[PDB]
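Protein chains in written order, with PDB author numbering: chain A, 2 to 321; chain A', 2 to 321. A prime marks a further copy of an entry chain.
The C-beta atom is built at its ideal place from N, Cα and C for all residues, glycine as well.
Since the structure comes first, as structure tokens, the remarks are kept for the end.
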Ligand SMILES: [Cl-]
Ligand SMILES: [Cl-]
Ligand code: NA
Ligand code: NA
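Following this line, the structure appears as structure tokens:
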């Protein structure tokens, strides 16, 4: 992952286009005295931050001798972006990929993976995401060539963000970050950017966002919620809590409202978690102590993947 | 549009992220003795090459005094990417946008525009795209503040590709292009890149692609076809035919097959026209005279916009 000016050279493979994403000031929606900078992970080649984790898993596991193309089978339970990035990169790298997900998932979630030739294993609807996780573990337990991508525990996750996401942010902001805010899914983005920032001498406050309706890091009970991509309902092993200065809860409805406003104000088109992250950033930006300071957050995924979800239903309903 | 390393700076607005897109060698799908380079326009912020035309229209028309935010109303007939890019940029720039399209268009085509607050005017299904074009002209004729985006005639279209797309290609290929191939929609991409290449001293052969089922440039009759984004059924005023060395017809089914293969071979995920363009590139690449030469083509738009179209139906059917 050495820097590589995409705008001046021809890549030998699409995985060289992952990361080195743009950064963008929040402008019309930012009515505060603080700068808000959006790390545009929606601009990755398969349109989300999980492209960095997918690449890290194939790249680093192959380099360590743990994956062998044409022999290893990569397995994961995912109804979201990790599955997509695994299916995408697995195809070009010559791995069989198996993704498990409940039978009740939308046609779009299943069809996107099958485009890249992943095998999708549908689990009983009534068993929910737990039934998909169980099926993935059983597959890996039974077959010696089948390995779990292990997104919530893998050491590669925080590392890739430490090596790439965080240093890009550091360069883009000209070494000036007063607060870094990110919703925690696997915790990789938050943990790895916080490590890089700290090694650089930054005093940035590190803020983890989680859904108000599943406030686990806050000491509450796990619960179903709307903010796809964060709030896994347990504390993931990837996450290093020691680095977090503040856990901020954002309600699913504030995330949804914010995503809808962002498209029309700033032309940023994203999913629920980018709505939650910007809502959190604007909330921090309002605090009088943040006057003149620079807050960085992340836009994790591009909006087009959500057109069929509850995120844009208010527009769907209006359109009908 | 001066060069601006997105990977090292923070943009003040999302329209600074348009253009300066990556380029990528075709690898597993390329079994020839020629290099094939893909200009990745699917990596634009709203996921297609029309982001460059949208920006050119607002930017240049405002600079010339022809558009005034909050006064001018931008109007276009589009069931595709031009509407999206106009709706996107109009929102952030403070223009009312009206897009006309037949009533029979998918929920996704209508809902995407309404996300950016464009007004969508649905025209009678039986009148087809002609009825949408007529409604746009009538709106512009009747209202002095309403102006047509005029995608098929506007002088801004070839110009933006001459000023940006073509010079990026020239830098990325280290001033070495033996053939440039592009499907003609408005003709802007082909015309403007061919001009830039010629001004640079390139001897590249310029190849226009059109659908076999609507072979208008070839002297045939217009007809309905599958390859969304090209083959408008007339010769657009933007297109300068004098620059074209060869018109190559590609069948809709070859475009569809090629798009499906590209995802699994090279991880390139695009629409029908990127399928057609790569099919054409591989066809040229097979000619014995092209041994060791570099062919450039374009991937116009990202695949996610097509999940609901006939492009991926073979996977949709398999998934069901
Ligand atoms: Cl998101
Ligand atoms: Cl395309
Ligand atoms: Na992309
Ligand atoms: Na994008």
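_Residues whose Cβ lies closer than 5 Å to any heavy atom of ligand 1, in chain order_ = A:271, A:272, A:274, A:275, A:301 and A:302
_Candidates A:42, A:52 and A:238, of which the one nearest residue 7 of chain A' by Cα_ = A:42
*For residue 230 of chain A', verify whether its CB is less than 7 Å away from any heavy atom of ligand 6.*
This structure lacks ligand 6; the ligands present are ligand 1, ligand 2, ligand 3 and ligand 4.
*Can we say the region 144–154 of chain A touches the region 193–213 of chain A, given the rule of at least three CB pairs closer than 8 Å?*
no
*Under a CB-based cut-off of 8 Å, is residue 23 of chain A' close to chain A?*
yes
*Which one of A:243, A:175 and A:260 has the shortest CA to CA distance from residue 251 of chain A?*
A:260
*Return the chain-ordered list of same chain residues with a C-beta closer than 6 Å to the C-beta of residue 216 of chain A, the five sequence neighbours on each side being excluded.*
250
*Proximity of residue 144 of chain A and residue 74 of chain A at Cβ, strictly below 8 Å*: yes
*Would the beta-carbon of residue 23 of chain A be found less than 7 Å away from any heavy atom of ligand 4?*
no
*asked:* Do residue 82 of chain A and residue 51 of chain A count as a contact pair if the criterion is CB distance below 8 Å?
replied: yes
*Using DSSP bridges, identify the partner residues of residue 268 of chain A.*
Bridge partners of residue 268 of chain A: none, in fact.
*Keeping to the same chain, check which residues put their C-beta closer than 8 Å to that of residue 174 of chain A; ignore five residues upstream and five downstream.*
24, 38, 295 and 297
*Given a limit of 8 Å on CB to CB distance, which residues of the region 279–297 of chain A reach chain A'?*
none
*Return the bridge partner residues of residue 102 of chain A from the DSSP annotation.*
A:123
_DSSP-derived helix/strand/coil call for residue 323 of chain A'_ = The structure shown does not extend to residue 323 of chain A', since chain A' is modelled only from 2 through 321, so no value can be given for it.
*To the nearest angstrom, report how far apart residue 113 of chain A and residue 85 of chain A are at their CA atoms.*
7 Å
_Let me check understanding here. Comparing Cα to Cα, which of A':79, A':306 and A':301 lies closest to residue 183 of chain A'?_
A':301
*Would you mind telling me which residues of chain A' sit closer than 7 Å to residue 87 of chain A, beta carbon to beta carbon, in chain order?*
Those within 7 Å of residue 87 of chain A in chain A' number zero; the least Cβ separation is about 12 Å.
_C-alpha gap between residue 100 of chain A' and residue 76 of chain A', whole angstroms_ = 6 Å
*Return the CA-CA distance between residue 276 of chain A' and residue 138 of chain A, expressed in angstroms with no decimal places.*
38 Å
_Taking 8 Å as the threshold (beta carbon to beta carbon), is residue 101 of chain A in contact with chain A'?_
no
_If I follow the unbroken beta strand (DSSP E) through residue 209 of chain A, where does it start and stop?_
206–212
*Using beta-carbon positions only, say whether residue 162 of chain A and residue 53 of chain A come within less than 8 Å of one another.*
yes
*With 16 as the cutoff for other CB atoms within 10 Å, does residue 315 of chain A come out buried or exposed?*
exposed
_Completely contained alpha helix (DSSP H) runs for the region 119–183 of chain A', where each covers 4 or more residues_ = 129–143, 156–161 and 167–173
*Run the CB neighbour count on residue 236 of chain A, radius 10 Å, all protein chains shown included, and call it buried at 16 or more, exposed below.*
exposed
*Kindly list, in the order they appear in chain A', the residues whose Cβ is closer than 8 Å to that of residue 28 of chain A.*
13 and 14
*Cα-Cα separation between residue 91 of chain A and residue 44 of chain A', rounded to whole angstroms*: 21 Å
*Pairwise C-alpha distance: residue 303 of chain A' and residue 49 of chain A'*: 6 Å
_Can you look up residue 38 of chain A in the DSSP assignment and give me helix, strand or coil?_
strand
_For residue 177 of chain A', which residues in the same chain have their Cβ closer than 8 Å to its Cβ, ignoring the five residues on either side in sequence?_
295
*Quick one: using the 10 Å Cβ neighbour count with 16 as the cut-off for buried, is residue 229 of chain A buried or exposed?*
buried
*Which term fits residue 247 of chain A', buried or exposed, when burial requires 16 or more other beta carbons within 10 angstroms of its beta carbon?*
exposed
*Quick one: which unbroken alpha helix (DSSP H) runs of 4-plus residues sit fully inside the region 6–75 of chain A'? Chain order, please.*
51–64
*Listed in chain order, which residues of the region 237–264 of chain A' have Cβ atoms closer than 9 Å to some Cβ of chain A?*
261 and 264
*Less than 7 Å between the CB of residue 42 of chain A and some heavy atom of ligand 3, yes or no?*
no
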